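# Fold and geometry: a report
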Amino acid sequence: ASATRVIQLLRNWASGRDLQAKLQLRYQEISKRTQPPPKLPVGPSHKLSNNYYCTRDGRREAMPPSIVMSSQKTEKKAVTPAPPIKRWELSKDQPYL
Amino acid sequence: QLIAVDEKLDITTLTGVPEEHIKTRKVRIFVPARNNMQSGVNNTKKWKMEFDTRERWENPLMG
Amino acid sequence: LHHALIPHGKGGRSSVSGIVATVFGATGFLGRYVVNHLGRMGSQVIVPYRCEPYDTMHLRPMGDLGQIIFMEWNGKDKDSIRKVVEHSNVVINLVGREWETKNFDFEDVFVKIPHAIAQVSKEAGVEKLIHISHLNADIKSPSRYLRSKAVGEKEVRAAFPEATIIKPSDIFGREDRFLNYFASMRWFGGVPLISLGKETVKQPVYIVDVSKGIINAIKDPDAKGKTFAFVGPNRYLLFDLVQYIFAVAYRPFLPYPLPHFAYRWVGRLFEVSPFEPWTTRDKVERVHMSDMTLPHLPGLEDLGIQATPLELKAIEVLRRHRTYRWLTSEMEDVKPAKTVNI
Amino acid sequence: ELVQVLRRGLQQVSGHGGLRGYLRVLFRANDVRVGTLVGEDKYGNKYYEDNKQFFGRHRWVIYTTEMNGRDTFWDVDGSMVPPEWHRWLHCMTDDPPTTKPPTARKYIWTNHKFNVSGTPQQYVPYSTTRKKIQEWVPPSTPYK
Amino acid sequence: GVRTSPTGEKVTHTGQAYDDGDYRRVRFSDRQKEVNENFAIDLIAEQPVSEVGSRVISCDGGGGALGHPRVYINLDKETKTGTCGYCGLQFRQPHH
Amino acid sequence: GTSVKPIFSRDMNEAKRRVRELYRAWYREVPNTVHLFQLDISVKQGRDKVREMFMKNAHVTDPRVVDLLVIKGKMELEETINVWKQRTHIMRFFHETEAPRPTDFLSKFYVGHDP
Amino acid sequence: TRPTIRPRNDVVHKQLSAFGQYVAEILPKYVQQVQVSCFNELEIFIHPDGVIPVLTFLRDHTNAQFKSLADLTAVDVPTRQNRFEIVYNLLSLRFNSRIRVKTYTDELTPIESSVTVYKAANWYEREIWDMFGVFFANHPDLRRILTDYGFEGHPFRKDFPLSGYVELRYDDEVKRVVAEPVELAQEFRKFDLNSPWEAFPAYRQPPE
Amino acid sequence: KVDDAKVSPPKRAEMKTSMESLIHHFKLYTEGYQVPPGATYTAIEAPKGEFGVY
Amino acid sequence: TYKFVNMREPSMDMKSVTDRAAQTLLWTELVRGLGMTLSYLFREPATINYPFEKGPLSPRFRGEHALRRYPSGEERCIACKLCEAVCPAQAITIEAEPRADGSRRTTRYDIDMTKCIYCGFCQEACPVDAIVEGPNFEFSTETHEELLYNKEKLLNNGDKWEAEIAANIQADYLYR
Ligand SMILES: CCCCCCCCCCCCCCCCC[C@@H](O)O[C@H](CO[C@H](O)CCCCCCCCCCCCCCC)COP(=O)(O)OCC[N+](C)(C)C
Ligand SMILES: NC(=O)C1=CN([C@@H]2O[C@H](COP(=O)(O)OP(=O)(O)OC[C@H]3O[C@@H](n4cnc5c(N)ncnc54)[C@H](OP(=O)(O)O)[C@@H]3O)[C@@H](O)[C@H]2O)C=CC1
Ligand code: SF4
Ligand code: SF4
Ligand SMILES: [Zn+2]
């Protein structure tokens, strides 16, 4: 910034950190307001040869839902909707805050 | 368990519609005709219900 | 009928009613009701204003988008009147000051301005002209108010032969001066009444009835040259009227007789206020004068309006004057006053 | 460390053209900073920059005291900047019109107008479409 | 290229103007009427006609991706100039 | 048969009994509504308005529809009692700012194309 | 098939089908149909009388625990005899799975309130009653929740008009806000956007 | 965006040179893309909790 | 992977107990908060001197609408009505007819700025860059009627702001 060094020291002592190292205000490290033009690549289906649309039609592969046990129409172990969720681990990075 | 009502179904008192738009309106039940500009027949499958056309005027500002 | 002036719609806010009105003096007590009733039907209202634009803000929500137009004018300038009525097919004149002012005496307000408006409206091709005068408008009257009213009514009839003239009698309403004036008198301890108000009969009329009468007179093809008298259903003695007014407000009534000279002197002293006066000698003369009875003129019943009795729409005006104790009192526990009906 | 601060203050006082200019800029812009003059406007606005300031305070304008028709010594508004200096001032680009002038067209306005709301030049909407139904005009010849 | 109605009111490019008796002119009193003075038809008529030595020419309005979709115009008709559907520019095949 | 199940009432008599209970409750509440909301109408006006709203759908002959109507009426009564409703909500039952639409043929013909 | 098409997951489809059959076998009295959509979502269609038993089983059973109720809404299809369709969306924290329960209703038949089963349902059922008019039998406090006081009609219904029947404005004569019949300055413009050509052949219906 | 012009609009540079691109841009911005019949409940972890749409 | 936020206990040694008692009796953390606030008291405020300074914007910013022209002067709009069909708020109203010279042009083009949501879909749908959302945002009016733009107002906006609209489109048309 442009503050006096004694005021800088007063700020650093009052806050407890070094405010000079980090500043909320932005002075000169941001990008320029004028930039060179981009090129913006095309994509995967921009081929000319092996690009028949019927082989990449996501909307046409959807089908009506599978009907199981229509009402109009031995072991048998009990089954669950999914395997039980596994217990979470305690954050080797910083377990207790 | 079962009351065995013997009355014609009528819910005009629960819908909150003013009687002006119940005793006077005239709905039209039909299958829409095919658009003659096109040959596709996918818009002539289901029955539709619509009301009679009422007055439309030109609003003085913006027309 | 000038196709752009053909009625359309269900008569609501966004409809077209074929009315292009220029309500002179629309920023007053009757003017707000007239503009509200015009804007309800979807009419186009041109409001000529001379006051601060802040004082016309209450009129903006009364019409749809673009249906209310505000223009500045001057009473003594003929070109402004020319500008504001150039495109209207009906002109309503509600200009009037109860108290005489330094720049606009009673002759200026009730004679010169109405005559100029009528002349310019006739010269501009305006089809209808509604003019408001007083029921007690007399040329021999002891009040300059009513003498000016009569002179201006004659001049308007002379300059606009097909003008409809309406003569209400002491309109009462929320902002009405008449109901409030009596309520306001409680502060001075007692209520000074000349001859105890025992020889003065009043026939006040509701404001909504007057506005509806004006609106129905605009839409009545056979009311061109007629003159109407808008009066209430019941006649009251002044003493009983003030007693009922104080009873509705739940205030102690302490009337006492005051001689005419003293009352006039008191009015004169008040008249010296540079602001709007509390009362004037003219108000003294008008408030202690019996309302004329004119059976030869049409009325509200001849326009389809059933006049609203005072006993139904008096609490809505006088509840504001109650204290906290009586603020929640109901309407039908007052035992209405006695009417000297015929 | 302090006398230098007071010297910068006095230099700011001197750099506006004496005490009268300092008071004018203090009472008109509520700020007495000094910066490099990027360019001067067709209507009288002057545009400055100071890259030592943080983003947002490194570009300002001193509005003219007389616009098209109205006195603007006190009542200034942000609608007076013309489009080129509007683009430069709002940090949409790094180049002023003095360096990168806009393309010229025969239809582009040669005189920018501010917000004309509340003045007799305000925009009044209307329908631009012609009549829909034409009516029948009766003949002027009597039929008997 | 603005005209003026008998009532002194400007006429727009569309051509709508209020009838002498139209009450809607009251909205312009003490105010103004918004009219654009750069009429498009006159401005496009002022442009010259391009002479090209091909029976088919293409137009994209100028500017590549900043113009209109590219279209091809046939110039085989001799007594008439090919007109772009989007831009309005005219082209002709050299004669005389 | 018809495999229909009731809401509250088995027959028409219970539905009627509930209608009368609701009518008593509204009749009792009207004066308190007039005092609390500081309305400008008399108690007779409120009570005959309540009667008119009750009679507006007196042609219903289905006990389920009658039960639903009573439920809605109790909802409105509860809103009135707890003061959730304002003066505007109560006065919306009276249509004080609407022009009276004509019902004869000639006036309808004069005004517009809507029957 | 690789870059733009969503990738199908086989394992979850089998798991959801197996659990659907499990629930179907446990509750044959109420469950009418079980479906598994191809984006791996499980649906169970039940009878209106089974709202409490099925939800209680799905919340309390050891194998399938659906303690949390995610959503509860209604869908309106006028062409059906039973107009409304009540949808319950549950979430199992133990097994990291979701299930959906569907039933049907008409204008007059009430449905049992599930407030005892789920605390969350108390507001959701109020909203269903407010917007669709479906009555819930044993609701502790059933009333309008989202609409205006003394608002007639139910807004989320196919028959109901988009702009309603009344509109509000302030009237200076009566000094309060008043409701009057709707009169729009500009009418909503209805667009006909459907294409006259069939898009997805997989959902073609028999022509009878 | 998904490189499927029947769901996402093509680039402005191709809409003005390619016929298929112009047709697809037109039909996407006037009618829109059809969605196969079905019902879903997708929920994300919004900052305020579980935000989902049915 | 999870972490606890309030699952720590304090040491009960006499030094730490005395430190906690001194904190309780002498308001140490309150003084720390005072110090932080005093520290911000001596910084440079982040306030810009509006209206003499404006906040940063981008070429993609959507402001007041405008109708552009070709370099020859012809209007770009061809009454294709795509912008009207895509408008989520139904704020655009368009009418058209053949011109005197046969061109496909509009006779009415209204945008209700009080219905508009400033989403920019209209300038995305337009195939000829006719309707754009210019960079202006300071166009407040004193009446509702002034915000109901017609074709003349939009054309005037285009004529007035073209010098900047063309530059903004040039700086971003490669991203579209
Ligand atoms: C009881 C003690 C008080 C007695 C009354 C006096 C009290 C003190 C009055 C102090 C007045 C100060 C206000 C005037 C400051 C002028 C500054 C200037 O800007 O005002 C201009 C207008 O000046 C006014 O005309 C001055 C009004 C005061 C006129 C004289 C008042 C005298 C009062 C005397 C009272 C008693 C009279 C005798 C009978 C009682 C308009 O400014 P504006 O455009 O916004 O500012 C632009 C802001 N920018 C920079 C962001 C653009
Ligand atoms: N009120 C009553 O009890 C009765 C009224 N009347 C008549 O009804 C009409 C209005 O009644 P009311 O509205 O209650 O009275 P108001 O004083 O309330 O209406 C006053 C109106 O007249 C305008 N006005 C007054 N003097 C002038 C002037 N010199 N130049 C221009 N405009 C002026 C005012 O404009 P501003 O306020 O901006 O100056 C205001 O709009 C009057 O003619 C009155 O005589 C008839 C019988 C009884
Ligand atoms: S920005 Fe969006 S809402 Fe506004 S006019 Fe364009 S498409 Fe319509
Ligand atoms: S502005 Fe563009 S999208 Fe809208 S009608 Fe004109 S050409 Fe079509
Ligand atoms: Zn071209």
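Placed above this text is the structure.
So, here's what we can say about the structure. (Residues numbered from 1 in each chain as written, not as in the entry; some residues may be left out. Chains lettered and ligands numbered in written order. Part of a larger assembly, values for the part shown. Heavy atoms only, no water.)

Looking only at helices and strands, one finds 5 helices and 0 strands in chain F. If you list the helices and strands of chain F from N to C, you get α-α-α-α-α. Overall, chain F is about 50 × 40 × 20 Å in size when its C-alpha atoms are taken along their principal axes. Burial status across chain F gives 39% buried among its 115 residues. Within chain F, contacts between residues separated by at least 24 positions form 73% of all contacts whose residues are at least 6 apart in sequence. On chain F, roughly 7,000 Å² of surface is accessible, and the fraction owed to carbon and sulfur atoms is 56%. Positive and negative side-chain charges in chain F, numbering 21 and 16 respectively, have mean positions lying 5 Å apart. (Helix = DSSP H or I, 4+ residues; strand = E, 2+ residues; numbered from the N terminus. Buried < 20%, exposed > 50% of the residue type's maximum accessible area, 1.4 Å probe, protein only. Contact = heavy atoms within 4.5 Å. Areas by Shrake-Rupley, 256 points an atom, 1.4 Å probe, with all protein chains shown as cover. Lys, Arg positive; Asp, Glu negative; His and termini not counted. Charge placed at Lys NZ, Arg CZ, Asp CG, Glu CD.)

Right, let's get into the interface of chain D and chain A. Facing the 12 residues of chain D at the interface are 9 residues of chain A. Here chain D and chain A share an interface that buries about 970 Å² over both sides, 50% of which is from carbon and sulfur atoms. A per-residue breakdown of the area chain D buries against chain A is headed by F54, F55 and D94 of chain D, which together make up 55% of the total. Connecting chain D to chain A are 0 salt bridges. Across the contact surface, chain D and chain A share 5 residue pairs in polar contact. A class-by-class count of the residues in the side of chain D that touches chain A yields 5 nonpolar, 3 polar and 4 charged. (Buried area = accessible area lost by both parts, 1.4 Å probe. Salt bridge = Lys/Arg side-chain N within 4 Å of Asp/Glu carboxyl O. Polar contact = N/O pair within 3.5 Å; in protein donor to acceptor, adjacent residues only side chain to side chain. Nonpolar A, V, L, I, M, F, W, Y, C, P; charged D, E, K, R; others polar.)

Residues and elements named next belong to chain E. The coordination sphere of the zinc ion (ligand 5) contains the protein donors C59 (SG), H68 (NE2) and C84 (SG), at a distance range of 2.3 Å. Read from N- to C-terminus, the donor residues coordinating the zinc ion (ligand 5) fall into the pattern C-x8-H-x15-C. Of the two residues, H68 is situated in the loop between β4 (56-59) and β5 (71-74) and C84 in the loop between β6 (82-83) and β7 (90-92); the sequence distance between them amounts to 16 residues. Take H68 and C84: they sit in the same class, and that class is buried. (Donors = N, O, S within 2.8 Å, 3.2 Å for Na, K, Ca; no water.)

In this complex, chain D contributes 43 residues to the contact, which on the side of chain I involves 48 residues. When residues of chain D are sorted by the area they lose upon contact with chain I, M92, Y107 and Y123 of chain D head the list and together hold 18% of the total. On the surface where chain D and chain I come into contact, there are 4 salt bridges. On inspection of chain D and its partner chain I, the count reaches 21 residue pairs in polar contact. Residue assignment for the side of chain D that touches chain I shows that the elements contributing at least two residues are α2 (18-29), β3 (59-62) and α3 (83-89) of chain D. Residues that form the side of chain D that touches chain I fall into these classes: 18 nonpolar, 13 polar and 12 charged.

Let's shift gears to the nonpolar core. Grouped together as the largest cluster of nonpolar side chains are 70 residues, with contacts concentrated most on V23, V35, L38, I92, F182 and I214 of chain C. The leading source of residues in this core is helix α7 (residues 238-248) of chain C, at 8 residues. Residue contacts for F182 of chain C: discarding those within four places in its chain leaves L238, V242, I245, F246 and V287 of chain C. Grouped together as the second largest cluster of nonpolar side chains are 67 residues, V50 and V66 of chain F together with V51 and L58 of chain G included. (Core = buried A, V, L, I, M, F, W, Y, C linked by side-chain atoms within 4.5 Å.)

Right, let's talk about the arrangement of the chains for a bit. The interface with the most contacts, out of 23 pairs of chains in contact, is the one formed by chains D and I. There is a clear gap between chain E and chain F: no contact, and 22 Å between their nearest C-alpha atoms. No interface is formed between chain F and chain I, the nearest pair of C-alpha atoms being 25 Å apart.

To continue, consider the packing of helix α1 (residues 12-37) of chain F against helix α2 (residues 43-55) of chain F. Axis angle and axis distance: for two packed helices, these are the angle between their axes and the distance between the axes, and together they describe the pair. Residue and element names in this part refer to chain F. At a minimum axis distance of 9 Å, the contact between α1 and α2 shows a crossing angle of 155 degrees. Taken together, the axes of α1 and α2 are roughly antiparallel relative to one another. In terms of crossing hand, the pair formed by α1 and α2 is right-handed. Of α2, the residues touching α1 (which contributes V19, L22, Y23, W26, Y27, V30 and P31) are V43, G46, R47, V50, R51 and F54. Of the residues contributing to the contact of α1 with α2, the split by class is 10 nonpolar, 1 polar and 2 charged. (Axes fitted to C-alpha atoms, helices over the stretch in contact; angles between N-to-C directions. Parallel < 35°, antiparallel > 145°, perpendicular 65-115°, else oblique. Left-handed = near helix turned anticlockwise from the far one by under 90°.)

Around ligand 3, the neighbouring residues are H65, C87, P88, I92, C116, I117, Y118, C119, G120, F121, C122 and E133 of chain I. Split by residue class, the shell around ligand 3 holds 9 nonpolar, 2 polar and 1 charged. (Near = heavy atom within 4 Å.)

This part covers the packing of aromatic side chains. Scanning all chains against the criterion turns up 41 aromatic pairs over all chains. Arranged with centres 5.5 Å apart and planes meeting at 90 degrees, the rings of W85 of chain D and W88 of chain D form a pair that is edge-to-face. Taken together, the residues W85 of chain D and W88 of chain D, both in helix α3 and 3 residues apart, mark about one turn of the helix. With respect to burial, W85 of chain D and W88 of chain D carry one shared label: buried. Aromatic pair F200 of chain G and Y203 of chain G: ring centres 6.4 Å apart, planes at 80 degrees, arrangement edge-to-face. Put simply, the rings of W88 and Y96 of chain A together with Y2 and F4 of chain I pair up and form one aromatic cluster. Positioned above the aromatic ring of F239 of chain C is the side chain of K198 of chain C, whose terminal nitrogen or guanidinium carbon lies 4.2 Å from the ring centre. (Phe/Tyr/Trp six-rings, centres within 6.5 Å; stacked < 30°, edge-to-face > 60°. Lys NZ or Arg CZ within 6 Å of the ring centre and 35° of its normal.)

Before going further, it helps to examine helix α1 (residues 30-40) of chain C. An α-helical turn contains 3.6 residues, so a residue and the one three or four places further along point in the same direction. Along α1 of chain C, 11 of the 11 residues are buried, which leaves the element largely enclosed by surrounding structure. Just downstream of α1 of chain C lies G42 of chain C, where phi reads positive at about 90 degrees.

With that out of the way, let us pick up the state of the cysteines. Within this structure, the stated rule accounts for 0 disulfides over all chains. We note that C54 of chain A lacks a disulfide partner, and the nearest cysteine sulfur, in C38 of chain G, lies 20 Å from it. Overall, the relative accessible area of 69% leaves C54 of chain A in the exposed class. (Disulfide = S-S within 2.5 Å.)

Examined against the element boundaries, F275 of chain C turns out to sit in the loop between α8 (260-270) and α9 (281-287). Owing to a relative accessible area of 65%, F275 of chain C belongs among the exposed residues under this scheme.

To continue, consider the environment of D170 of chain C. Turning to its location among the elements, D170 of chain C is positioned in the loop between β6 (164-168) and β7 (171-172). Not counting chain neighbours up to four residues away, the residues in contact with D170 of chain C comprise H134, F178, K202, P204 and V205 of chain C.

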